[PDB]
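The structure appears below as structure tokens.
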Amino acid sequence: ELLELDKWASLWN
């Protein structure tokens, strides 16, 4: 996963 906006994952868990 080379997604930079993946930091939003904490907003769904």
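Identifiers for the structure tokens are assigned positionally: chains receive A, B, ... in sequence, residues are indexed from 1 per chain, and ligands are indexed from 1 in the order shown.
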
**Request:** Could you tell me, as a PyMOL selection string, which residues of chain A DSSP assigns to helix (DSSP H, G or I) when given the backbone?
**Result:** chain A and resi 4-12
